[PDB]
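Undergrad: Pasting in a structure now, in structure tokens, and then I'll have a few things to ask.
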Amino acid sequence: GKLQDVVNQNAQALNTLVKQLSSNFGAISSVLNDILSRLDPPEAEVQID
Amino acid sequence: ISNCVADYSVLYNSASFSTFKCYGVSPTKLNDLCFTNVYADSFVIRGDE
Amino acid sequence: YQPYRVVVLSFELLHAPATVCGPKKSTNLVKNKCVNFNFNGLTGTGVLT
Amino acid sequence: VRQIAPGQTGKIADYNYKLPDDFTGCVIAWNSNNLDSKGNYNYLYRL
């Protein structure tokens, strides 16, 4: 159980990093290609930042 | 409005309109997007409102 | 105080189904080369496998 | 006059005069009905 706990803690942290790619953090979308196909680079720069 | 092939570049490139304001999209990009659903709402108001 | 005529258009950009997209037509598909693709509006850079 | 901003549509910002996105400077405009209307038809623009 001391060896399995190290494997469980590293797998839980890499899973958290992958799921953070579906937050928009206040932008209009979390997909970067949906921002670039709907806006021109003056106001697409506000959502990408 | 449904199942069209629209051409938005005929609209904004004419000097009829004193207001052409798109909100979630930029007007340059409108000729590239399939829109799923379009509604068209019309009325007459005063100049200030 | 003069009469102005107003139109309001309303889209839904959930990018899946169909029915309103503008004046450009399908070119070919190139099969294993880095492209800028476009399928019903949804864009992206990648390789088509 | 509203089309002499950095990033616009219309046929004077797409066919006649275009400002860059990273523009530094001032845009100055005033109505001149006294001098350019008799009226005057020698002011052209691309269509």
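Undergrad: Compute the distance in nm between two label points, each set 7 Å from the Cα along the Cα-to-Cβ direction, one at residue C:8 and one at residue B:17.
TA: Here the answer is 1.5 nm between the modelled labels.
Undergrad: Here is a follow-up. Taking residue C:24 as the anchor, which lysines have their alpha carbon closer than 21 Å to its alpha carbon, excluding any fewer than eight residues away along the same chain?
TA: The reachable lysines, counting only those whose Cα sits under 21 Å from residue C:24, are B:29, D:11.
Undergrad: Continuing with this model, one more query. Where does the protein assembly as shown land at 222 nm, in deg cm²/dmol rounded to the nearest 500, when only DSSP H runs of n ≥ 4 count, each adding -39500 (n - 2.57), divided by all residues? Before the final figure, lay out the partial values.
TA: Details: 4 runs with 35 residues, N = 194.
The helix contribution divided over the protein assembly as shown gives -5000 deg cm²/dmol.
Undergrad: What is the distance, in nm, between label points placed 7 Å from the Cα along the Cα-to-Cβ direction at residue A:21 and at residue B:45?
TA: Going by the 7 Å Cα→Cβ label model, 4.4 nm.
Undergrad: If each residue's Cβ is checked for other Cβ atoms within 10 Å, how do D:18, B:29 rank with the fewest at the top? Before the final figure, lay out the partial values.
TA: Details: D:18 13, B:29 17.
Listing D:18, B:29 from fewest to most nearby Cβ atoms yields D:18, B:29.
Undergrad: Count charges around residue C:6 for me, please; just the other residues with Cβ under 10 Å from its Cβ, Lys/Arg as +1, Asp/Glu as -1.
TA: Charge balance in the 10 Å sphere: -1.
Undergrad: Using R₀ = 45 Å, calculate the FRET efficiency as 1/(1 + (r/R₀)^6) where r is the Cβ-Cβ separation of residue D:29 and residue C:47; round to 0.05.
TA: My answer for the efficiency is 0.35.
Undergrad: Taking a spot 7 Å from the Cα of residue B:7 along the direction of its beta carbon, which residues of the stretch D:31-47 have an amide N less than 18 Å from it?
TA: Within reach of a label on residue B:7: D:47.
Undergrad: Follow-up. Check the protein assembly as shown for me: any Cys whose beta-carbon has no other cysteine beta-carbon within less than 4.7 Å?
TA: When partners are defined as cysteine Cβ atoms under 4.7 Å apart, the protein assembly as shown leaves B:4, B:22, C:34, D:26 without one.
Undergrad: Give me C:34, C:21 ranked fewest to most by other Cβ atoms within 10 Å of their Cβ, as a rough exposure proxy.
TA: Least to most surrounded, the residues fall as C:34, C:21.
Undergrad: Oh, and also: What shape does chain D take by its C-alpha gyration tensor, where a ≥ b ≥ c are the square roots of the eigenvalues and a/c under 1.5 counts as rounded, a/b above b/c as prolate, and the rest as oblate?
TA: It comes out oblate by the Cα gyration axes.
Undergrad: Just want the answer: with Cβ charges of +1 for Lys and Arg and -1 for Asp and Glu, which residue in D:26, D:6, A:17 is farthest toward the dipole's positive end in the protein assembly as shown?
TA: The one lying farthest along the dipole's positive direction is D:6.
Undergrad: Also, I was wondering about something else. Can you list the HN-Hα couplings for the stretch B:34-47, worked out from phi with the Karplus curve (6.51, -1.76, 1.60; θ = phi - 60°), rounded to whole Hz and with x for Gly and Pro?
TA: 9, 9, 6, 5, 9, 10, 10, 10, 10, 7, 10, 10, 8, x
Undergrad: Partner chain Cβ atoms within 10 Å, averaged over the residues of D:11-17 - can you pull that number for me?
TA: Mean partner shielding for this stretch: 2.
Undergrad: Can I ask one more? How large is ³J(HN,Hα) for each residue in the stretch A:26-34, as worked out from phi by the Karplus curve 6.51 cos²θ - 1.76 cosθ + 1.60 (θ = phi - 60°), to whole Hz, x for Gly and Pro?
TA: x, 8, 7, 7, 9, 8, 6, 7, 6
Undergrad: Quick one: 3J(HN,Hα) in Hz for the stretch A:40-49, Karplus 6.51/-1.76/1.60 with θ = phi - 60°, rounded, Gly and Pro as x.
TA: Those phi angles translate into 9, x, x, 9, 6, 6, 6, 7, 6, 6 Hz.
Undergrad: Given the C-alpha centroids of the stretch D:1-39 and the stretch A:1-38, what is the distance between them in whole angstrom?
TA: Computed from Cα coordinates, the inter-centre distance equals 47 Å.
Undergrad: A further question follows. Check which residues have an amide H placed less than 5 Å from residue C:37's amide H, if you skip close sequence neighbours.
TA: Long-range HN contacts for residue C:37: C:44, C:46.
Undergrad: Report relative contact order for chain C in percent, whole number only (criteria: Cα-Cα under 8 Å, sequence separation at least 6).
TA: It comes to 30 percent, rounded to a whole number.
Don't worry about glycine lacking a Cβ; one is built from the backbone with ideal geometry, like all the others, and counts go over all protein chains shown. We did not get these values from a lab; they are worked out from the coordinates using the rules stated.
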